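K.L.:
Quick one: this structure, given as structure tokens, is what I'll be asking you about.
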Amino acid sequence: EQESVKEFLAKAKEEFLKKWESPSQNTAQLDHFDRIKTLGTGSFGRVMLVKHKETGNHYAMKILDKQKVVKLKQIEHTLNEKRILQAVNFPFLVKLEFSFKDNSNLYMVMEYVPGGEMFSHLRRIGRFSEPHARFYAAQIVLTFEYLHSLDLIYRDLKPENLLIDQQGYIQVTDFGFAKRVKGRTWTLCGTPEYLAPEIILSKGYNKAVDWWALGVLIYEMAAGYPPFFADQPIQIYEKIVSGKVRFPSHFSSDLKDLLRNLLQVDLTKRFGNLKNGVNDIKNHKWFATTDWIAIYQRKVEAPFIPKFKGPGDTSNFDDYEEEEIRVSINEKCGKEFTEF
Ligand SMILES: C#CCN(C)Cc1nc(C2(O)CCNCC2)cs1
Ligand SMILES: C#CCN(C)Cc1nc(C2(O)CCNCC2)cs1
């Protein structure tokens with residue numbers, strides 16, 4: 001609305017498109033780093049703390065096995081992830097420093113954020129007060145304003161993907177489902193508790209699914225548990241498509257009103273997806289105390305600072321079996337990953 005916001009977003013889009021159209025490639029190699037510790041694992045990849053041998057700097061290295069990426073139908077998703085991360089720039093997104101590939105794997109070398117996942121702190125404290133939840137939610141609102149103005153949808157908002165930095169601010173990690181979308185998209189993906197009804201029903205869907213997921217995240221931060229849950233995914237999906245939501249009595253009236261408009265099952269009536277876009281959220285009464293410019297500038301004192309001893313501390317992450325990073329003598333899946 002204000003011309004200063006319009007010109008900020010226009011410059012952000014110009015700088016994104018220049019890097020999008022000419023991506024960087026092949027900017028390091030594996031024997032430039034020492035392996036320290038496994039920080040997370042999944043069905044086709046893992047994340048490892050590493051140290052660069054010449055500079056001494058620490059990084060979070062995401063390692064993807066090419067053969068498993070193909071088998072689980074993730075080729076286009078992994079190419080989206082790396083092409084988007086090398087082109088974006090925003091205070092609340094983890095930065096990609098290097099990328100490269102070898103006979104067996106794809107590598108994305110990110111900044112290391114030592115404070116841990118928001119999920120760990122939420123479960124240890126029980127629930128966040130409304131001011132504490134609001135500080136984190138404001139950073140997500142600004143991040144989605146940025147991403148959506150570049151025609152990007154994020155599609156994986158949840159507490160495990162939000163890391164807490166040395167200042168107590170959020171860094172969003174894991175762009176494995178992020179995509180450049182000018183109209184609608186159709187892939188079934190995401191985590192069950194956070195999916196909007198139009199994903200579950202196999203519709204063509206848009207950026208409104210990120211604003212639904214922000215309603216699930218704010219509910220989970222302020223209550224301690226998500227609004228839709230069950231033992232089996234089909235039962236979760238039945239609750240989501242009903243959209244019946246019960247709120248704890250300790251929620252303020254302003255919080256309940258915001259959540260009824262983000263958790264709106266009709267996508268054409270959902271906040272974030274109306275004529276006024278993000279400003280229906282930024283101007284809602286639950287955000288009346290938020291200084292949007294001071295949050296962007298990192299000038300607000302955070303609700304807490306994680307406890308850690310230095311840039312290589314891993315005490316806020318958990319323990320996994322330590323496995324080899326094997327590189328085959330023969331090249332695998334070369335054609336499929338030519339652009340990486
Ligand atoms: C290889 C090959 C030919 N396949 C039909 C290609 C395939 N594409 C998929 C997608 O889910 C990838 C994400 N965009 C939507 C389609 C699954 S299988
Ligand atoms: C708290 C509590 C009680 N549970 C029934 C709550 C639940 N929490 C989950 C999640 O693990 C899903 C993924 N992100 C974080 C929360 C599933 S069911």
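By convention here, the chains of the structure tokens are called A, B, ... in the order presented, each chain's residues are numbered starting at 1, and ligands are numbered starting at 1 in the order presented.
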Mind listing the residues within 10 Å of ligand 2, only C-alpha atoms and all ligand atoms counted, as a VMD selection string?

P.N.:
chain A and resid 118 to 120 122 to 123 126 to 127 157 to 161 191 to 194 217 220 to 221 223 to 232 236

K.L.:
Store the residues picked out above in a file with N, CA, C and O atoms, as a compact mmCIF listing (two decimals), in the first residue's frame.

P.N.:
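result-v5.txt was written with the following content:
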# COMPACT_ATOMS: atom_id res chain seq x y z
N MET A 118 12.31 -24.62 16.56
CA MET A 118 11.25 -24.08 17.42
C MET A 118 10.49 -25.22 18.10
O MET A 118 10.10 -25.10 19.27
N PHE A 119 10.30 -26.34 17.41
CA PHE A 119 9.56 -27.48 17.96
C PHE A 119 10.10 -27.94 19.33
O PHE A 119 9.32 -28.21 20.25
N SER A 120 11.45 -28.08 19.46
CA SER A 120 12.04 -28.50 20.73
C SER A 120 11.67 -27.52 21.85
O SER A 120 11.26 -27.93 22.95
N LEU A 122 9.20 -25.29 22.02
CA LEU A 122 7.75 -25.33 22.29
C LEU A 122 7.38 -26.51 23.20
O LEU A 122 6.61 -26.38 24.17
N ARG A 123 7.92 -27.70 22.90
CA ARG A 123 7.57 -28.91 23.68
C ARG A 123 8.17 -28.87 25.08
O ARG A 123 7.56 -29.42 26.04
N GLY A 126 5.95 -25.98 26.95
CA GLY A 126 4.54 -26.34 26.99
C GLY A 126 3.72 -25.53 25.97
O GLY A 126 3.13 -26.10 25.04
N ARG A 127 3.65 -24.20 26.15
CA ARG A 127 3.02 -23.32 25.13
C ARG A 127 3.70 -21.96 25.25
O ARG A 127 4.28 -21.62 26.31
N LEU A 157 5.25 -25.19 6.03
CA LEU A 157 5.30 -24.52 7.34
C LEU A 157 4.92 -25.47 8.49
O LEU A 157 3.82 -26.06 8.48
N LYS A 158 5.80 -25.58 9.49
CA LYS A 158 5.58 -26.36 10.72
C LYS A 158 6.74 -26.04 11.66
O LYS A 158 7.79 -25.56 11.22
N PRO A 159 6.57 -26.31 12.99
CA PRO A 159 7.61 -25.87 13.97
C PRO A 159 9.01 -26.48 13.78
O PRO A 159 10.01 -25.84 14.16
N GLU A 160 9.09 -27.70 13.18
CA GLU A 160 10.40 -28.33 12.97
C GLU A 160 11.24 -27.61 11.90
O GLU A 160 12.48 -27.73 11.91
N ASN A 161 10.59 -26.78 11.03
CA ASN A 161 11.30 -26.08 9.96
C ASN A 161 11.66 -24.64 10.30
O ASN A 161 12.22 -23.92 9.44
N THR A 191 2.92 -31.88 5.20
CA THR A 191 2.78 -32.71 6.37
C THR A 191 1.29 -32.75 6.78
O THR A 191 0.65 -31.68 6.84
N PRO A 192 0.71 -33.92 7.08
CA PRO A 192 -0.76 -34.02 7.27
C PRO A 192 -1.46 -32.97 8.14
O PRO A 192 -2.47 -32.37 7.70
N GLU A 193 -0.96 -32.70 9.36
CA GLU A 193 -1.61 -31.77 10.28
C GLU A 193 -1.70 -30.35 9.74
O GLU A 193 -2.54 -29.58 10.25
N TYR A 194 -0.85 -29.98 8.77
CA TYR A 194 -0.75 -28.61 8.25
C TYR A 194 -1.40 -28.40 6.89
O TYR A 194 -1.46 -27.24 6.44
N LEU A 217 -0.13 -23.14 12.59
CA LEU A 217 1.08 -22.83 13.38
C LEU A 217 0.76 -21.90 14.57
O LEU A 217 1.28 -22.13 15.69
N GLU A 220 -1.00 -23.87 17.23
CA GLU A 220 -0.10 -24.82 17.92
C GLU A 220 0.85 -24.05 18.86
O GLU A 220 1.11 -24.51 20.00
N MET A 221 1.42 -22.91 18.45
CA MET A 221 2.27 -22.12 19.35
C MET A 221 1.53 -21.66 20.63
O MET A 221 2.10 -21.71 21.74
N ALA A 223 -1.50 -22.84 21.92
CA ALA A 223 -2.16 -23.92 22.70
C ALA A 223 -1.18 -24.98 23.20
O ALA A 223 -1.42 -25.60 24.27
N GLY A 224 -0.10 -25.26 22.41
CA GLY A 224 0.86 -26.33 22.70
C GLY A 224 0.66 -27.56 21.84
O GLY A 224 1.55 -28.45 21.84
N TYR A 225 -0.46 -27.66 21.11
CA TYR A 225 -0.81 -28.80 20.23
C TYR A 225 -1.56 -28.28 19.01
O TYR A 225 -2.18 -27.20 19.09
N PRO A 226 -1.53 -28.98 17.88
CA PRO A 226 -2.23 -28.47 16.67
C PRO A 226 -3.74 -28.70 16.74
O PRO A 226 -4.22 -29.50 17.55
N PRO A 227 -4.52 -27.95 15.92
CA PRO A 227 -5.99 -27.98 16.05
C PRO A 227 -6.62 -29.26 15.50
O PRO A 227 -7.72 -29.63 15.96
N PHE A 228 -5.98 -29.94 14.54
CA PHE A 228 -6.50 -31.17 13.91
C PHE A 228 -5.48 -32.32 14.11
O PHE A 228 -4.36 -32.27 13.57
N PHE A 229 -5.85 -33.36 14.85
CA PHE A 229 -4.90 -34.47 15.04
C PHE A 229 -5.66 -35.76 15.31
O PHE A 229 -6.81 -35.74 15.73
N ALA A 230 -4.98 -36.89 15.09
CA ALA A 230 -5.60 -38.21 15.17
C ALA A 230 -4.52 -39.27 14.95
O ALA A 230 -3.41 -38.97 14.50
N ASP A 231 -4.88 -40.52 15.23
CA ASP A 231 -3.92 -41.61 15.08
C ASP A 231 -3.60 -41.91 13.62
O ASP A 231 -2.46 -42.25 13.29
N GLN A 232 -4.60 -41.83 12.73
CA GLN A 232 -4.32 -42.12 11.33
C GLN A 232 -4.58 -40.90 10.44
O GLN A 232 -5.49 -40.11 10.71
N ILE A 236 -7.31 -37.50 10.44
CA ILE A 236 -6.92 -36.08 10.42
C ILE A 236 -7.62 -35.34 9.28
O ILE A 236 -8.13 -34.20 9.44

K.L.:
Taking only C-alpha atoms and all ligand atoms and a cut-off of 12 Å, can you tell me which residues surround ligand 1, written as a PyMOL selection string?

P.N.:
chain A and resi 69-80+176-181+184-189+204+333+335-336

K.L.:
Would you export the selected residues with N, CA and C atoms as a compact mmCIF listing (two decimals), in the first residue's frame, please?

P.N.:
# COMPACT_ATOMS: atom_id res chain seq x y z
N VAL A 69 16.05 -40.04 -4.49
CA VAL A 69 15.25 -38.91 -4.99
C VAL A 69 14.39 -39.35 -6.18
N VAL A 70 15.00 -40.07 -7.13
CA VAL A 70 14.27 -40.57 -8.29
C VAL A 70 13.16 -41.53 -7.88
N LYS A 71 13.49 -42.51 -7.03
CA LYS A 71 12.50 -43.52 -6.65
C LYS A 71 11.29 -42.91 -5.95
N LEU A 72 11.49 -41.85 -5.15
CA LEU A 72 10.38 -41.25 -4.42
C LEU A 72 9.76 -40.06 -5.14
N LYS A 73 10.06 -39.88 -6.44
CA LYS A 73 9.43 -38.88 -7.31
C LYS A 73 9.69 -37.45 -6.83
N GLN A 74 10.93 -37.20 -6.40
CA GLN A 74 11.36 -35.89 -5.92
C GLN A 74 12.34 -35.15 -6.84
N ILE A 75 12.53 -35.56 -8.12
CA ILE A 75 13.52 -34.86 -8.99
C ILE A 75 13.19 -33.37 -9.11
N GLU A 76 12.00 -33.05 -9.65
CA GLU A 76 11.62 -31.65 -9.82
C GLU A 76 11.63 -30.88 -8.49
N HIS A 77 11.17 -31.52 -7.39
CA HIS A 77 11.21 -30.86 -6.07
C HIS A 77 12.63 -30.48 -5.64
N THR A 78 13.60 -31.39 -5.86
CA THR A 78 14.99 -31.04 -5.45
C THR A 78 15.60 -29.96 -6.35
N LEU A 79 15.26 -29.96 -7.66
CA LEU A 79 15.72 -28.87 -8.52
C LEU A 79 15.04 -27.52 -8.15
N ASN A 80 13.74 -27.53 -7.80
CA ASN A 80 13.09 -26.30 -7.27
C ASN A 80 13.85 -25.77 -6.05
N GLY A 176 12.25 -27.97 0.36
CA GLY A 176 12.05 -29.15 -0.47
C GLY A 176 10.71 -29.21 -1.18
N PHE A 177 9.67 -28.51 -0.67
CA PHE A 177 8.36 -28.41 -1.35
C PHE A 177 8.09 -27.00 -1.94
N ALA A 178 9.04 -26.07 -1.86
CA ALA A 178 8.79 -24.71 -2.39
C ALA A 178 8.78 -24.71 -3.93
N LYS A 179 7.97 -23.83 -4.54
CA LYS A 179 7.81 -23.89 -6.01
C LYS A 179 7.43 -22.50 -6.53
N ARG A 180 7.92 -22.18 -7.75
CA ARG A 180 7.47 -20.98 -8.47
C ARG A 180 6.18 -21.30 -9.21
N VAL A 181 5.09 -20.58 -8.87
CA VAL A 181 3.71 -20.86 -9.30
C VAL A 181 3.04 -19.53 -9.67
N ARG A 184 -2.13 -21.79 -10.39
CA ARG A 184 -2.38 -22.93 -9.50
C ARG A 184 -1.31 -24.03 -9.67
N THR A 185 -1.29 -24.98 -8.71
CA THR A 185 -0.43 -26.16 -8.77
C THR A 185 -1.21 -27.34 -8.19
N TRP A 186 -0.73 -28.57 -8.43
CA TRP A 186 -1.53 -29.77 -8.18
C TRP A 186 -0.86 -30.90 -7.38
N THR A 187 0.41 -30.81 -6.97
CA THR A 187 1.01 -31.98 -6.32
C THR A 187 0.53 -32.22 -4.88
N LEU A 188 0.19 -33.46 -4.50
CA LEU A 188 -0.12 -33.72 -3.09
C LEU A 188 1.18 -33.80 -2.29
N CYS A 189 1.45 -32.83 -1.43
CA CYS A 189 2.66 -32.86 -0.63
C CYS A 189 2.46 -31.98 0.60
N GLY A 204 -6.81 -27.96 -7.78
CA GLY A 204 -5.76 -27.01 -8.08
C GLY A 204 -5.74 -25.94 -7.01
N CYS A 333 22.45 -41.40 -12.37
CA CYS A 333 21.36 -40.45 -12.64
C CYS A 333 21.89 -39.12 -13.19
N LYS A 335 21.85 -37.69 -16.21
CA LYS A 335 20.92 -36.93 -17.05
C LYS A 335 19.86 -36.20 -16.24
N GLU A 336 19.26 -36.89 -15.26
CA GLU A 336 18.16 -36.35 -14.48
C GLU A 336 18.55 -35.08 -13.74

K.L.:
List as a PyMOL selection string the protein and nucleic acid residues near region 10-14 of chain A, meaning an atom at most 8 Å away when only C-alpha atoms are counted, but skip any in the same chain fewer than 5 places from it.

P.N.:
chain A and resi 146+149-150

K.L.:
Restricting the output to C-alpha atoms, write the selected residues as an mmCIF file, in the first residue's frame.

P.N.:
data_model
loop_
_atom_site.group_PDB
_atom_site.id
_atom_site.type_symbol
_atom_site.label_atom_id
_atom_site.label_comp_id
_atom_site.auth_asym_id
_atom_site.auth_seq_id
_atom_site.Cartn_x
_atom_site.Cartn_y
_atom_site.Cartn_z
ATOM 1 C CA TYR A 146 8.196 -11.509 0.305
ATOM 2 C CA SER A 149 5.340 -11.368 -4.306
ATOM 3 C CA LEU A 150 8.038 -13.403 -6.167
#

K.L.:
Using only C-alpha atoms, which protein or nucleic acid residues come within 7 Å of residue 45 (chain A)? Drop anything in the same chain fewer than 4 positions from it, and give the result as a ChimeraX atom specification.

P.N.:
/A:41,63-65

K.L.:
Determine the nearest neighbour of residue 182 (chain A) from the options A:214, A:207, A:107, A:259, counting only C-alpha atoms.

P.N.:
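Among the listed residues, the smallest separation from residue 182 (chain A) belongs to A:207.
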
K.L.:
In Å, rounded to a single decimal, give me how far CA of residue 320 (chain A) is from CA of residue 136 (chain A).

P.N.:
28.3 Å

K.L.:
Dump as a Markdown table the rows for residues of region 161-279 of chain A within 12 Å of region 308-312 of chain A: closest atom pair and distance in Å with one decimal, only C-alpha atoms counted, ordered by chain and rising residue number.

P.N.:
| residue | atom | partner | partner_atom | distance |
| --- | --- | --- | --- | --- |
| A:164 | CA | A:308 | CA | 11.4 |
| A:165 | CA | A:308 | CA | 10.4 |
| A:166 | CA | A:308 | CA | 8.7 |
| A:167 | CA | A:308 | CA | 11.8 |
| A:168 | CA | A:308 | CA | 11.8 |
